[PDB]
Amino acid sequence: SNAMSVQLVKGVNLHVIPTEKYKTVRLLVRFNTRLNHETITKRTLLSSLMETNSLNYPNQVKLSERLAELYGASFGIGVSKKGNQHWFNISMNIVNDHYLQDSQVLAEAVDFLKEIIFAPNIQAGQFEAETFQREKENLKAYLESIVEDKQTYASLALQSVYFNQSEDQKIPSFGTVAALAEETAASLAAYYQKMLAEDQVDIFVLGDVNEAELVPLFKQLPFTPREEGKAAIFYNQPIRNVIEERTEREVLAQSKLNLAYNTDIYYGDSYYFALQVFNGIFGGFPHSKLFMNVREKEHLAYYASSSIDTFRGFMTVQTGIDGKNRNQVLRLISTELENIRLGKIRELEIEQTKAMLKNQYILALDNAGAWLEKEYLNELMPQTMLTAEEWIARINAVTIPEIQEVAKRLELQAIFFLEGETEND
């Protein structure tokens, strides 16, 4: 990394990433907190409130007009979940002064950030009511559309079962409708104050910029000191000796059958790369064992795929099926897993998996957003750092015995079945 970092105040750090690769300058202000059922939905709604308008740009006409004054800047706020952390992310893209006539774009963007962050649309301790009710209604609509997609619903429900021992991890990054219902203009204004005072804050600037100009600008943001230590990034939980199986019935044209396994494998771990490849061979890609044997050949699933999370140490298989085939689909999936454990893996399976993993990684090498995310992870975990050359080498070097070991470590923990009711009476 070419990042130059400065402490603004305790817990608030600035990271400048100079580059001539881009004609614009990306800015990211990231508030970091422990994942917490008490604040997930609050953070989610807050991101909508702080984006839509502010005290001095009191409506979307006025805010977008300021963005236009700022040489047609892009601006957004959202949230995400990573391991045991929940991130509140304010992003901006601005054209570099080099391409503008009479401009002070960096100074002008930081002023806009100061407005957004420190002058939200709060009056006497509550968010403005029209704005609050509108955004609350919008978020409810969003969460309802999430839940209406039955694949997404069944994935979230699987996660609730897998993480059932944790009140925090059973909640999606965007919260829940039940949690949203109780939230108010006051609760959100109170939460704003707590986030601003307590979260670890990191500010990134990627573009043709220098540290010397930026430090004075950012020092204008009146952050008070807070704790420097972030929440632990990784989440782990004990392996249970009994598999938990949950079923829900709904009127559906297709049932969902999903499985969650403990991998105990994390970003930066010995078997990290082996897991990347194992996942691709098992269900990650169209040439995978589950695609080829459960979907094709046996025709028992409309789709079957696998995904991994190397911050929470688990892997999921998600299928759409005719509900009558539940037990046969579980046996078929188990068979393919045993086949990988046995090393029953063709050269083309591994070679195709490595090619597709490499192609995907390389693709993102160009992207400024992807670069910022690599920089952030790097900042969190300084010695998990791999160059693009070494990343590719490590993918290339994965062996069958390593894949077999990942497969043996895998341990099924939860099965969620969303069972279609198609028959009346």
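In this text, residue numbers run from 1 along the sequence as written.
- The mean Cα B-factor in the deposited entry runs higher for 379 to 387 than for the other of 379 to 387 and 393 to 401.
- Legend: mean Cα B-factor per stretch from the PDB entry, 359 to 367 versus 46 to 54; the higher mean is in 359 to 367.
- Listed residues 257, 251, 350, 340 were ranked by CA B-factor as deposited; 350 comes out on top.
- The deposited CA B-factor of residue 83 belongs to the middle third of values across its chain.
- In this PDB entry, residue 289 carries a Cα temperature factor that places it within the lowest third of its chain's modelled residues.
- In this PDB entry, the Cα temperature factor of residue 140 sits in the middle third of its chain's modelled residues.
- Residue 193: CA B factor in the middle third of modelled residues in this chain (values from the PDB entry).
- Per the PDB record, residue ranking by Cα B-factor puts residue 406 in the lowest third of the chain.
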